[PDB]
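Trainee: I am attaching a structure below and will ask some questions about it afterwards.
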Amino acid sequence: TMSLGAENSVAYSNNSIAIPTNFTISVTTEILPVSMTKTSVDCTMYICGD
Amino acid sequence: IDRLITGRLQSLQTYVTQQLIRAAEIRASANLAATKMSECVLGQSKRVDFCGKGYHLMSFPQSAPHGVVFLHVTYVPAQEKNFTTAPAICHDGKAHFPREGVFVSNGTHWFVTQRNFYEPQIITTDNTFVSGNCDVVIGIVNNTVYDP
Amino acid sequence: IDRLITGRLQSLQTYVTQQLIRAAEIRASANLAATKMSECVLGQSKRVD
Amino acid sequence: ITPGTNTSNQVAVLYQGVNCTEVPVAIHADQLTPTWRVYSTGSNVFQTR
Amino acid sequence: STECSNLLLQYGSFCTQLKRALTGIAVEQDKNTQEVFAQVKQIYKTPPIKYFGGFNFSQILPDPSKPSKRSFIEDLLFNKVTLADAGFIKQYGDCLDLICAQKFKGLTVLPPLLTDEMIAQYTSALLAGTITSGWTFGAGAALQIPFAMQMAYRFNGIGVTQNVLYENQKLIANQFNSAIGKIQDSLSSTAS
Amino acid sequence: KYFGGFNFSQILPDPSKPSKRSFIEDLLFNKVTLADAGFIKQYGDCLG
Amino acid sequence: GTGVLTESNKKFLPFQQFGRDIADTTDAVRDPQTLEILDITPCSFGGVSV
Ligand SMILES: *[C@@H]1O[C@H](CO)[C@@H](O[C@@H]2O[C@H](CO)[C@@H](O[C@@H]3O[C@H](CO)[C@@H](O)[C@H](O)[C@@H]3O)[C@H](O)[C@H]2NC(C)=O)[C@H](O)[C@H]1NC(C)=O
Ligand SMILES: *[C@@H]1O[C@H](CO)[C@@H](O[C@@H]2O[C@H](CO)[C@@H](O[C@@H]3O[C@H](CO)[C@@H](O)[C@H](O)[C@@H]3O)[C@H](O)[C@H]2NC(C)=O)[C@H](O)[C@H]1NC(C)=O
Ligand SMILES: *[C@@H]1O[C@H](CO)[C@@H](O[C@@H]2O[C@H](CO)[C@@H](O[C@@H]3O[C@H](CO)[C@@H](O)[C@H](O)[C@@H]3O)[C@H](O)[C@H]2NC(C)=O)[C@H](O)[C@H]1NC(C)=O
Ligand SMILES: *[C@@H]1O[C@H](CO)[C@@H](O[C@@H]2O[C@H](CO)[C@@H](O[C@@H]3O[C@H](CO)[C@@H](O)[C@H](O)[C@@H]3O)[C@H](O)[C@H]2NC(C)=O)[C@H](O)[C@H]1NC(C)=O
Ligand SMILES: *[C@@H]1O[C@H](CO)[C@@H](O[C@@H]2O[C@H](CO)[C@@H](O)[C@H](O)[C@H]2NC(C)=O)[C@H](O)[C@H]1NC(C)=O
Ligand SMILES: *[C@@H]1O[C@H](CO)[C@@H](O[C@@H]2O[C@H](CO)[C@@H](O)[C@H](O)[C@H]2NC(C)=O)[C@H](O)[C@H]1NC(C)=O
Ligand SMILES: *[C@@H]1O[C@H](CO)[C@@H](O)[C@H](O)[C@H]1NC(C)=O
Ligand SMILES: *[C@@H]1O[C@H](CO)[C@@H](O)[C@H](O)[C@H]1NC(C)=O
Ligand SMILES: *[C@@H]1O[C@H](CO)[C@@H](O)[C@H](O)[C@H]1NC(C)=O
Ligand SMILES: *[C@@H]1O[C@H](CO)[C@@H](O)[C@H](O)[C@H]1NC(C)=O
């Protein structure tokens, strides 16, 4: 059975906050298609070759 | 030959329809790519989890065959710490609220710091603005406010 | 029987084309839903309406 | 179900939408792909949704 | 009709691309849910105490008093839509009347990869993240914060000073609870 | 090529290479070219 | 048929007489006269644009 993710519990309270003391600069790639192959078809040859 | 011609014509029509469907899909993808290019490379986008994951800073495009590649530079906070906090500070019967930060205490003394980085500072009248008294806000904690 | 096979095959092809069009529409709707989830649930959006 | 021919050749067979016990598919000889037996008396059979 | 299949074999590989298109559509449908819902790397759990600055979230957080871990709103939505569905059974046990006829013509339905329970778990994790952490969990590790502080900072985001919420918290919580109840009543109404 | 101590040599084009493509762009091209059916360079001379 | 006939590098086996391609096109033929393995390629075509 699939594992959705690691179980996590947040230490929520009336007076409790978590302020980060450091940071990480993260670079992530992202690939997006823009255009595909441009094609043309010749009916006079595809349907009836010679 | 009528039978073969009809079959091949139907096959060509099916191929053209599939090509049109893929053209619509690629058009949508290219529109999304152009929007991301404009909103991440040419500027900073406040849309969370749009230009990469985290707090977006800048994006560098890279050309790819039949597509584009974005290098999203993001600011990811790390190394957090527990901090007792209060919504307001009472000094002389009037409530005080942070200007642009939070109220935190290391267990002994209270401090004000920005929300995205632990940079504690002394509570000062220029770091807070007064609004109302100390009997309408829930969780207000009494503490001195330094006047310079 | 070839006439019947051609008719049935054309009907199946039309059904597949309709399914592809509906799948494209549903994919666009799902992309919009994912964007809305990301921009409104995971954060606060300044976009109007 | 295959892990890729580059890794291993053993495969797992999924029968879509049939109850294992209610449909004793392990008939002797006269089925499509008759060379297939996969009786699997030793290897367990898992019934999924 | 074996001979009909034999003569159809002369039609070339036409069922190949139809099957490929249907499989691609099914994979696309699975990926749609995988992308819209599975946006969190951790399954956050709400604390046992359900007090968040006086706000009431009992109608949207799941409860363990049901076999399916879904909230009241999710149950209302499921009951509203359950008039027409796949059929809830695909194991051929009860099929010897609408799905059976389609199945007898080779028109089957592939079950989704993500069950309703896992989608409900994703929604519950998103609720826990947005309640106990605000927007911080969406950009890294979840950072706890009182719900009143989160709402005050959201007010600051919309251009309203924080003291407004810290002075009208009771009224805002009452308004939010009334709005949630109104949404529940509207969904429970016959007008779907 | 000094930008506040940052390093952009992997994404800026290199004039030494005849094709003005960066290192990452070259990597992307080499990864995609494993399957490229768009042989526009072919013409009627393809009779071998 | 119509096409350009050229010398072929195909190593026809003695029983093999007709060559073919991916899609049912006899791109290689054997001469009924003095033996000669021959390739068949349709002569130059293309699109015309203004
Ligand atoms: C915030 O995070 C950064 C990055 O994790 C911390 O910088 C890191 O600091 C450690 C120790 O100061 C560096 O470790 C070093 O390892 C080499 C390995 O040979 C060793 O020779 C050094 O003596 C040192 O132990 C680590 O390289 C460095 N990381 C980077 C990217 O520079 C920083 O200290 C953190 N700041 C706070 C306040 O937590
Ligand atoms: C919470 O934070 C406050 C403020 O940073 C801590 O108070 C600080 O405690 C240190 C203890 O060494 C004090 O340093 C001492 O300063 C005197 C001069 O006043 C110097 O002569 C000593 O040699 C020593 O360096 C520091 O002054 C003091 N700061 C303030 C503003 O009171 C407190 O200890 C922290 N509590 C916890 C539990 O972390
Ligand atoms: C958050 O909102 C929920 C729903 O509005 C509140 O639960 C509701 O509590 C009231 C009583 O305080 C229930 O009314 C009574 O319920 C009993 C048992 O069902 C019924 O026999 C009575 O005739 C009367 O209707 C109401 O049913 C109940 N609703 C649900 C859905 O459980 C909850 O108390 C609120 N929590 C806070 C902290 O405000
Ligand atoms: C910015 O990043 C580039 C990454 O290409 C750095 O250039 C590369 O730096 C490495 C490490 O110094 C070089 O590797 C070394 O090269 C020398 C000379 O060939 C060799 O003797 C060593 O054994 C080692 O392999 C590498 O050659 C160099 N160039 C490339 C194309 O990788 C660059 O130093 C970074 N900083 C700046 C300011 O550009
Ligand atoms: C956070 O504060 C709330 C304030 O309402 C607490 O909720 C009350 O806690 C008291 C403690 O004895 C109970 O008697 C009440 O029944 C609770 N509810 C209400 C409406 O007053 C809550 O317990 C606090 N949580 C923590 C972790 O301190
Ligand atoms: C924080 O401290 C102030 C004063 O230091 C407290 O103010 C008290 O308010 C009550 C309300 O009637 C008065 O009876 C007391 O006399 C006040 N204290 C003093 C020293 O005069 C305030 O209550 C404190 N906050 C909390 C949450 O206890
Ligand atoms: C804060 O304290 C609580 C309880 O002591 C703990 O569960 C939680 O993990 C702590 N948070 C951090 C960031 O250490
Ligand atoms: C097979 O997998 C190995 C890694 O286990 C890899 O090194 C190898 O290139 C793969 N071969 C093929 C043909 O994919
Ligand atoms: C398969 O059949 C057995 C026996 O009839 C039954 O107990 C079991 O529930 C069935 N499984 C299904 C319908 O998924
Ligand atoms: C006749 O055809 C045979 C076929 O093997 C060939 O060997 C021979 O040289 C041909 N002779 C003439 C005169 O064409």
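Let's see how each residue does on (1) of a type in the set (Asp, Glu); (2) more than 14 Å from chain C (Cβ to nearest Cβ); (3) in a loop (DSSP other than H, G, I, E, B); (4) within 16 Å of ligand 1 (Cβ to nearest atom):
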| residue | (1), (2), (3), (4) |
| --- | --- |
| E:137 | no, no, no, no |
| E:144 | no, yes, yes, no |
| E:153 | no, no, no, no |
| E:159 | no, no, yes, no |
| E:172 | no, yes, no, no |
| E:175 | no, yes, no, no |
| E:178 | no, yes, no, no |
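Trainee: Continuing with this model, one more query. Taking segment E:32-60 as the region of interest, how many residues are away from chain C (no Cβ under 14 Å) and farther than 21 Å from residue E:170 by Cα?
Mentor: Result for segment E:32-60: 5.
Trainee: Quick one: in segment B:77-112, which of the residues that are within 30 Å of residue A:27 (Cβ to Cβ) and buried (at least 18 other Cβ atoms within 10 Å of the Cβ) is nearest to ligand 8 (Cβ to nearest atom)?
Mentor: Per the stated criteria, the residue is B:77.
Trainee: Kindly check whether there is at least one residue in segment A:15-32 that is surrounded by 12 or more Cβ atoms within 10 Å (Cβ to Cβ), within 30 Å of residue B:81 (Cα to Cα) and within 16 Å of ligand 6 (Cβ to nearest atom).
Mentor: yes
Trainee: For residue E:57, state whether it is within 16 Å of ligand 5 (Cβ to nearest atom) and either in a helix (DSSP H, G or I) or surrounded by 16 or more Cβ atoms within 10 Å (Cβ to Cβ) (or both). Before the answer, list the steps.
Mentor: Numbers: within 16 Å of ligand 5 (Cβ to nearest atom): yes; either in a helix (DSSP H, G or I) or surrounded by 16 or more Cβ atoms within 10 Å (Cβ to Cβ) (or both): yes.
Here the answer is yes, as residue E:57 does meet what is asked.
Trainee: Which one of these is surrounded by 10 or more Cβ atoms within 10 Å (Cβ to Cβ) and under 20 Å from residue E:110 (Cα atoms): D:31, D:47?
Mentor: D:47
Trainee: Name the one entry in C:27, C:47, C:22 that is more than 7 Å from chain E (Cβ to nearest Cβ), assigned to a helix (DSSP H, G or I) and not hydroxyl-bearing (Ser, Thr, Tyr). Steps first, answer last, please.
Mentor: Numbers: C:27 fails: more than 7 Å from chain E (Cβ to nearest Cβ); C:47 fails: assigned to a helix (DSSP H, G or I).
On inspection, the qualifying residue turns out to be C:22.
Trainee: Still on this structure: Can you pull out the strands (runs of 3 or more DSSP E) entirely within chain G that have at least 1 residues that are of a type in the set (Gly, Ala, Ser)?
Mentor: The qualifying strands (runs of 3 or more DSSP E) are G:28-30.
Trainee: Another one. Within segment A:18-30, is even one residue part of a loop (DSSP other than H, G, I, E, B) and away from ligand 2 (no atom under 16 Å from the Cβ)?
Mentor: Yes, that holds for at least one residue.
Trainee: Testing residue B:147 on (1) more than 12 Å from chain E (Cβ to nearest Cβ); (2) more than 16 Å from ligand 7 (Cβ to nearest atom); (3) surrounded by 14 or more Cβ atoms within 10 Å (Cβ to Cβ), one condition comes back false. Which one is that?
Mentor: Residue B:147 satisfies all of (1) more than 12 Å from chain E (Cβ to nearest Cβ); (2) more than 16 Å from ligand 7 (Cβ to nearest atom); (3) surrounded by 14 or more Cβ atoms within 10 Å (Cβ to Cβ) except (3).
Trainee: Among the residues of segment B:50-107, what is the count of those that are among the hydrophobic types (A, V, I, L, M, F, W, C), more than 22 Å from residue A:19 (Cβ to Cβ) and facing chain A (nearest Cβ under 9 Å)?
Mentor: Result for segment B:50-107: 8.
Trainee: Hey, another quick one. Give me the pairs: first residue in segment C:13-38 and more than 18 Å from residue E:38 (Cβ to Cβ), second residue of a type in the set (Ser, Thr, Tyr), beta-carbon distance under 7 Å, and six or more apart or on different chains, which are they?
Mentor: Pairs that qualify, where the first residue is more than 18 Å from residue E:38 (Cβ to Cβ) and the partner is of a type in the set (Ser, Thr, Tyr), are C:13/B:14; C:17/B:17.
Trainee: Moving to a separate point now. If you check every pair at least six apart or on different chains, which have Cβ atoms under 7 Å apart with a residue in segment A:1-23 that is of a type in the set (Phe, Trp, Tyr) first and a residue that is more than 16 Å from ligand 5 (Cβ to nearest atom) second?
Mentor: A:23/B:75; A:23/B:76; A:23/B:77; A:23/B:78
Trainee: Right, something else. Among the strands (runs of 3 or more DSSP E) contained in segment B:99-142, which hold 2 or more residues that are out of contact with any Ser or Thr (no Cβ under 7 Å at 6 or more places or on another chain) and either closer than 19 Å to residue E:151 by Cα or more than 11 Å from ligand 2 (Cβ to nearest atom) (or both)?
Mentor: Working: elements: B:101-105, B:110-114, B:128-133.
Once the strands (runs of 3 or more DSSP E) in segment B:99-142 are filtered for at least 2 residues that are out of contact with any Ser or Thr (no Cβ under 7 Å at 6 or more places or on another chain) and either closer than 19 Å to residue E:151 by Cα or more than 11 Å from ligand 2 (Cβ to nearest atom) (or both), what remains is B:110-114, B:128-133.
Trainee: Moving on to the next point. Please go through segment F:1-31 and give me each residue that is assigned to a loop (DSSP other than H, G, I, E, B) and either within 16 Å of ligand 10 (Cβ to nearest atom) or hydrophobic (A, V, I, L, M, F, W, C) (or both), ordered by number.
Mentor: In the first step, residues of segment F:1-31 are kept if they are assigned to a loop (DSSP other than H, G, I, E, B); the result is F:1-2, F:4-5, F:7-22.
Correct list: F:8, F:11, F:12.
Trainee: On the basis of being buried (at least 18 other Cβ atoms within 10 Å of the Cβ) and within 30 Å of residue F:35 (Cβ to Cβ), does residue B:137 make the cut?
Mentor: Criteria not met by residue B:137.
Trainee: So which pairs qualify, if the first residue must be in segment D:1-14 and farther than 21 Å from residue D:39 by Cα, the second must be away from ligand 3 (no atom under 16 Å from the Cβ) and in a loop (DSSP other than H, G, I, E, B), the Cβ gap must be under 7 Å, and the two must be at least 6 apart or on different chains?
Mentor: none
Trainee: Kindly provide the set of residues from segment B:69-108 that are within 16 Å of ligand 1 (Cβ to nearest atom) and on the phi < 0 side of the Ramachandran plot, ordered by number.
Mentor: Result: B:73, B:74, B:75, B:76, B:77, B:78, B:80, B:81, B:82, B:83, B:106.
Trainee: Just one of (1) crowded, with 16+ Cβ neighbours inside 10 Å; (2) part of a strand (DSSP E or B) trips up residue B:63, so point out which.
Mentor: The failed condition is (1).
Readers should treat all values here as calculations from the given coordinates under stated rules, not as data from a laboratory. Neighbour counts are summed over all protein chains in view; Cβ atoms, including those assigned to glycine, are modelled from backbone coordinates with ideal geometry.
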